[PDB]
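Visitor: Have a look at the structure that comes next, please.
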Amino acid sequence: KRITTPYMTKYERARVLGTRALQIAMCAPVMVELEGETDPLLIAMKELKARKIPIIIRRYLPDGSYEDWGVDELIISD
Amino acid sequence: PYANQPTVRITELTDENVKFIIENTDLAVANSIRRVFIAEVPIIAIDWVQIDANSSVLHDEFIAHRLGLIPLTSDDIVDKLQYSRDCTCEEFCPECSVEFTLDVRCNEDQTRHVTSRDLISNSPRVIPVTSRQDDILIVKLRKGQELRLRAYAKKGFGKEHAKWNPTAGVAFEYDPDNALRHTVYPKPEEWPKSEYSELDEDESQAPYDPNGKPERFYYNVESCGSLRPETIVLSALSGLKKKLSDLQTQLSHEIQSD
Amino acid sequence: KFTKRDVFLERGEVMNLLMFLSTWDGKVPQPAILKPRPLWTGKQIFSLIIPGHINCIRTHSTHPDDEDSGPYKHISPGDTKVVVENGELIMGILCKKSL
Amino acid sequence: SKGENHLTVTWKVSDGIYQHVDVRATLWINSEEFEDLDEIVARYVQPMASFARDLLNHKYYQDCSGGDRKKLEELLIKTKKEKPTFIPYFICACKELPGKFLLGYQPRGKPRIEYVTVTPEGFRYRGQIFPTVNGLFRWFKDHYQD
Amino acid sequence: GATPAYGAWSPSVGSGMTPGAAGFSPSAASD
Amino acid sequence: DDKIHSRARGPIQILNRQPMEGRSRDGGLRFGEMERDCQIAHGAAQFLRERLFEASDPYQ
Amino acid sequence: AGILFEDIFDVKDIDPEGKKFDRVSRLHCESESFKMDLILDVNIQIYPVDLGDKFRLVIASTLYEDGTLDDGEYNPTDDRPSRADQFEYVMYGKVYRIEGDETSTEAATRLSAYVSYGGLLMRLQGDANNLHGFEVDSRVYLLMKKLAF
Amino acid sequence: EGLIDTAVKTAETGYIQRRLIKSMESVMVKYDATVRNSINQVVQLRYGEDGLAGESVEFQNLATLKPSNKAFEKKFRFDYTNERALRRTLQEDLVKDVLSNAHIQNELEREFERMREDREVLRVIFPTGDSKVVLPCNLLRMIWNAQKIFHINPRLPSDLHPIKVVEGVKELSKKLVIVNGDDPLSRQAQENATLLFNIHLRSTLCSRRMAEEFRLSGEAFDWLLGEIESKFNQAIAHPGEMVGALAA
Amino acid sequence: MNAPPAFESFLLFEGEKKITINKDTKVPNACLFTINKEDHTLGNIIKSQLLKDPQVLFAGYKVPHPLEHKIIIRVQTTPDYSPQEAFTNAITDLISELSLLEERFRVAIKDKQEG
RNA sequence: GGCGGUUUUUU
Ligand SMILES: [Zn+2]
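In structure tokens:
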């Protein structure tokens, strides 16, 4: 019974990319085959394109409730 | 699918400037030769100055700047000397540099005019333009002031610094009569006629020529005093040829490695 | 001044300008004037700069208003009425109204 | 060599085609393997490889020069006109796709390729796992008319 | 790494149409 | 040359442990309230906090 | 064949509204057989033209006789036959508009093809019978040669 | 005088902008698609009285606005009686259909009634007759791109049945949603929010217009619908945007 | 303070190659030659010589940046003629032409000097 | 390891 928009806002996308890049920089298991790159930000972008980032966004609503979305669940904008 | 056969004709040969005309060549080659005259032309000039005592009124770097601007003849020494950077020794060896010394001191009451004549060069031929017309004024000293220094002049080209710029003012002109229309005159009658204009005084500019290529490039190379004008032309042609030869050698090595 | 109708370039100038195009497909366009000599046009060279298949119409600054009503609507004598189709400049001159 | 702790076992899928498997290619097992690493093979890798090699027991299997898709395609599009009443089927192994086997046949008058996967319990075809190796081949001959 | 998943891949099945008649070979026994 | 300036954790004041001010004192540029409003409009709260805390005056 | 159009024209007026540019001018020409108007813009500089001059204008879709429909690219290194060998002024443009006097019942009887040669515009107005080979969004050539008569 | 004016302007506008920003530095769009301040007080049920970002909006004209009744009637009615014109536009396999089937005739009559209703709404909404209005998707440019891509060639009879255009527009209006929810109040708010846009969309994509001026084909129209819905969804405002600071 | 020296406009740095070749993938028989530590002098002439060669479909040099001492010459010849040999022949014929011009100039000068 | 004020300049 989720009513929030099914698209990924730019703010959420940017924050998720930065967070995944940081987790990767701290030596973490990737969720996609690396074609031959070492930039953690690029790896996070590739992971986003592949839809394999193990992160779910907890969007809060004005009342107080919150809806948990998944990078592989909601549609990506860019 | 090959190059062309350019011809040359000199119109004025003097010890200060040379006017010539190159025919059956390309505008790019003409401009390249001009830029090579202005920059890539080996020539000697003061470069490493050492001042032991300067009580003059100017600065300590002002003297070095003026000494670097002073020309030095190098008719048959620049082709022999090598670049100090490519030298295979330490300290300015006479094989790749010329030495100069200056030691002046104003004793009399009248002010002194330290000119370029005070630059006593160790070599006979490498000397400032004072052979054959006043000398280059370095500084003026008053009673009680002095100036003692020793300088070394090396080989270089204009691309590095303006001191090694032999050509004073290269005048290059192609197509006097705006025939190729490379320059559109809003009012042709208001512009004068070029020095090399063969058009009569009635018509303002020659008519249009569609199947017309830029040819007949007029050069007027004016030498500063170091190298003769014809010597500058020959040195520039040799330098351009050497650059092309080095590029070809590098290309052959690169093709062979791949 | 480059996008005017009386702008003609030689193969040398065209190939030199094409060097400064980071999105060039690598193919030289057919010259607007094959004979008596290959002459490109300023507008023809600028067409390659427009990416994709963009379509737009714009009016030039010195565009007489009493032109669309009378004849020569789709063929302006003064070379106005910028009409870009499939990302290719056809008519008109570029100015602040278009760029 | 990819990471640490885990271990990789390389085995023979068939005649020429090999396959690597990393244990947690992902192969799950129990924790007692640390005491007798012989079990990862004596209970999973070796039985799976034997199931994969069982195709060698049937003469209908071939090599096709390491499983050349082009060769099978040309053969299938030529035999359709050379012997319409005797269209053969083939089962081969691909060198560019370990763990899979190409089952080449003609569903219709158009070219098409199909693959079958091997699993610890047996094989996998059309999304259904089979406990035996012959059961899948006997079920294909009946359910290939879809 | 250079040795990724193989069996975990989902075998995609292709679709098609062919209003054909029944004239193929029968079936064999399982024995 | 008289106007070029940079910084990478230079000296800090004594009253409010924040970067100095002035090119001579080797100080950092001021992130004005207008810059705060610009960042708010962009929506880069992480960058905003990094500028107004991380690279300003961290303290516990 | 590919000859979308071919006809002789004669010049009758140049830049009626005053010459705007310095190298291009309008050529208000009229046919001799088909009775058609032509508002061409040519390069007066390289190919000068005066009043009363006649030229054989041939709008084609390709320069080859056999008609292979070239892809469209500058390829001077081509030894194939070319229709441009017997023409003095050639240009490559793309017809961008085809207006007509259509109605809501009976078809159109008079068309007008507006083509742009990379900047230079040409309007060829006439009947809706000889302009069948003109279609919007399509490359064409000019091919015009002056007749000595 | 000019220098003094510039100085005083720079001195006053600074304080003005400072106050404007401190008044609304906290306003922002929430995930509930509603603008609120720091106290969660609703300022706008939908951002900009629409719920769309101010970046993907361009100027357009309302075709059905300020027309002459007779002009509007003859331009947005699609006469299914002139068999000659019907053959000229559509194809023979459609002229007979539009002539025989009366369900299609009733559907077009209902469409024209809806078009008249939307025109009256615009007239009572936009007094003074101002056609220039800001809307998200530029339908004219989209139709032009579709033509140039699919090579429509406006001259030959197109293959697009008016029932197809009507059902496509209806399905597209049902898809574009802002106030999600089957509740009566939710549906009423959704209709009121996307009213002007749907009115403009219908006025542009009309049976007579699509069959006379555009001549789009079936695939071209399908691509047009897809592009319109994608662009509208992209222009939807992104929750978590400081609309307050932007307006300041 | 950050003014570059004056020798970095012609002198090569340890590791930098004078000329580099890169084949393009957009069109056949196309090669870009990157020359380091050169200017328009050693580029405009080569472009003009390549243009004269009829088998060269395209030939043009550019400078990625004025402060950067580097140029890129894109060449494209017929499929039966490679850009490497095109460049080689261009440079060779240009060198021969410059030598002939120098000899002619020298003889003209020696004739003008009392002759 | 150093402060407050004023003035002058620059976008
Ligand atoms: Zn030495």
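Protein chains in written order, with the deposited numbering: chain A, 50 to 127; chain P, 2 to 133, 145 to 270; chain F, 547 to 645; chain D, 1361 to 1384, 1396 to 1517; chain R, 1523 to 1553; chain G, 1056 to 1115; chain E, 2 to 150; chain S, 845 to 1092; chain U, 1 to 115. Here a beta-carbon is modelled for each residue, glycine too, at the ideal position from N, C-alpha and C.
Around the C-beta of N29 (chain U), are 16 or more other C-beta atoms found within 10 angstroms, so that it is buried, or is it exposed?
Guide: Its Cβ being crowded by 16 or more others within 10 Å, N29 (chain U) is buried.
Visitor: With DSSP collapsed to three states, give me the class of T78 (chain U).
Guide: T78 (chain U) falls in the coil class under three-state DSSP.
Visitor: Would DSSP call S1061 (chain S) helix, strand or coil?
Guide: Correct three-state label for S1061 (chain S): coil.
Visitor: Could you run through the region 1070-1082 of chain G and flag, in chain order, every residue whose CB is less than 9 Å away from some CB of chain S?
Guide: Listed in sequence order: no entries.
Visitor: Between the region 116-128 of chain E and the region 26-39 of chain E, do three or more beta carbon pairs fall short of 8 Å?
Guide: Segments in contact, yes.
Visitor: Around the Cβ of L149 (chain P), are there at least 16 other Cβ atoms within 10 angstroms (buried) or fewer (exposed)?
Guide: Flag for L149 (chain P) reads exposed.
Visitor: Give me the subset of the region 1086-1108 of chain G whose CB atoms are less than 7 Å from a CB atom of chain S, sorted by chain position.
Guide: Listed by position along the chain: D1092, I1095, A1096 and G1098.
Visitor: Distance check for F1108 (chain G) and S1079 (chain G), CA to CA, integer angstroms please.
Guide: About 24 Å.
Visitor: How would you list, in chain order, the residues of chain S whose beta-carbon sits under 9 Å from the beta-carbon of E631 (chain F)?
Guide: Result: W988 and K992.
Visitor: Is the CB of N881 (chain S) under 7 Å away from at least one CB in chain A?
Guide: No - not a single Cβ of chain A is within 7 Å of the one on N881 (chain S).
Visitor: Can you name the start and end residues of the alpha helix (DSSP H) that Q1417 (chain D) belongs to?
Guide: Where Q1417 (chain D) is concerned, the enclosing alpha helix (DSSP H) stretches over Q1417 to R1424.
Visitor: Give the DSSP-derived three-state secondary structure of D48 (chain P) in the structure shown.
Guide: In the structure shown, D48 (chain P) sits in a strand (DSSP, three-state: E or B).
Visitor: Pull up the CB-CB distance for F994 (chain S) and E1063 (chain S), whole angstroms please, since I reckon it's below 8 Å.
Guide: Sure, about 6 Å apart at Cβ, within 8 Å.
Visitor: Thinking just about the alpha-carbon of each residue, which of D:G1376, D:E1404 and D:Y1378 is nearest to the one in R1384 (chain D)?
Guide: Looking at the Cα atoms, D:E1404 is the closest of the given residues.
Visitor: Beta-carbon of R863 (chain S) versus every beta-carbon of chain E: anything under 7 Å?
Guide: It does not: the Cβ of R863 (chain S) has no partner Cβ on chain E nearer than 7 Å.
Visitor: With DSSP as the reference, label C1093 (chain G) as helix, strand or coil.
Guide: In the structure shown, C1093 (chain G) sits in a helix (DSSP, three-state: H, G or I).
Visitor: Verify whether the separation of the beta carbon atoms of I71 (chain U) and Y61 (chain U) is less than 7 Å.
Guide: For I71 (chain U) and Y61 (chain U), yes; Cβs fall inside 7 Å.
Visitor: Whose Cβ in chain F lies nearer than 9 Å to the Cβ of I40 (chain E)?
Guide: Correct list: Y618 and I621.
Visitor: Along the region 1074-1085 of chain S, where does the CB come closer than 8 Å to a CB of chain G? Name the residues.
Guide: Per Cβ criterion, the list reads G1084 and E1085.
Visitor: State the start and end residues of the unbroken alpha helix (DSSP H) segment that holds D112 (chain A).
Guide: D112 (chain A) -> no alpha helix (DSSP H), and no H or E assigned at all.
Visitor: In the structure shown, what three-state DSSP assignment does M123 (chain E) receive?
Guide: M123 (chain E) falls in the strand class under three-state DSSP.
Visitor: Would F33 (chain U) pass as an interface residue toward chain F - the criterion being a Cβ-Cβ separation below 7 Å?
Guide: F33 (chain U) does not count as touching chain F.
Visitor: Which word fits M75 (chain A), buried or exposed, when buried means at least 16 other C-beta atoms lie within 10 angstroms of its C-beta?
Guide: Exposed: under 16 other Cβ atoms inside 10 Å.
Visitor: At a cut-off of 6 Å, is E96 (chain P) close to ligand 1 when judged by its beta-carbon and the heavy atoms of the ligand?
Guide: Checking the Cβ of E96 (chain P) against ligand 1 gives yes.
Visitor: Please name the residue or residues paired with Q262 (chain P) in a DSSP beta bridge.
Guide: According to DSSP, which records beta bridges pairwise, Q262 (chain P) is partnered with nothing at all.
Visitor: I want to verify the contact list: residues of chain E whose CB lies under 9 Å from the CB of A1055 (chain S), in sequence order.
Guide: The contacting residues do not exist; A1055 (chain S) stays about 11 Å from chain E at best.
Visitor: Give me the chain E residues within the contact set of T78 (chain U), using Cβ-Cβ distance strictly less than 8 Å, ordered along the chain.
Guide: Under the 8 Å cutoff, chain E gives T78.
Visitor: List, from N- to C-terminal side, the alpha helix (DSSP H) runs of 4 residues or more that fit wholly inside the region 942-970 of chain S.
Guide: Whole alpha helix (DSSP H) segments, 4+ residues: 946-969.
Visitor: Taking buried to mean at least 16 other C-beta atoms within 10 Å of its own C-beta, is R863 (chain S) buried or exposed?
Guide: Exposed, because fewer than 16 other Cβ atoms sit within 10 Å of the Cβ of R863 (chain S).
Visitor: Checking 7 Å against the spacing of the C-beta atoms, do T102 (chain P) and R36 (chain P) come in under that value?
Guide: Against a cut-off of 7 Å, the Cβ pair of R36 (chain P) and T102 (chain P) comes out as no contact.
Visitor: Does the beta carbon of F58 (chain U) come closer than 7 Å to any beta carbon on chain F?
Guide: For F58 (chain U), the answer is yes, since a Cβ of chain F falls inside 7 Å of its Cβ.
Visitor: Verify the contact flag: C76 (chain A), CB atom, against every heavy atom of ligand 1, threshold strictly below 6 Å.
Guide: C76 (chain A) Cβ: outside cutoff for every heavy atom of ligand 1.
Visitor: Can you check which of these residues, P:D270, P:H173, P:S247 and P:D16, is closest to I78 (chain P) by C-alpha distance?
Guide: When only C-alpha atoms are compared, the closest one is P:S247.
Visitor: Listing by chain order, which chain U residues have their CB less than 7 Å from the CB of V245 (chain P)?
Guide: Those within 7 Å of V245 (chain P) in chain U are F105.
Visitor: May I ask you to verify whether the region 1469-1485 of chain D touches the region 1444-1451 of chain D, counting CB pairs closer than 8 Å and requiring at least 3?
Guide: Yes, the region 1469-1485 of chain D is in contact with the region 1444-1451 of chain D.
Visitor: Would you verify that the beta carbon of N562 (chain F) is, or is not, closer than 7 Å to some beta carbon of chain U?
Guide: At least one chain U Cβ lies under 7 Å of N562 (chain F).
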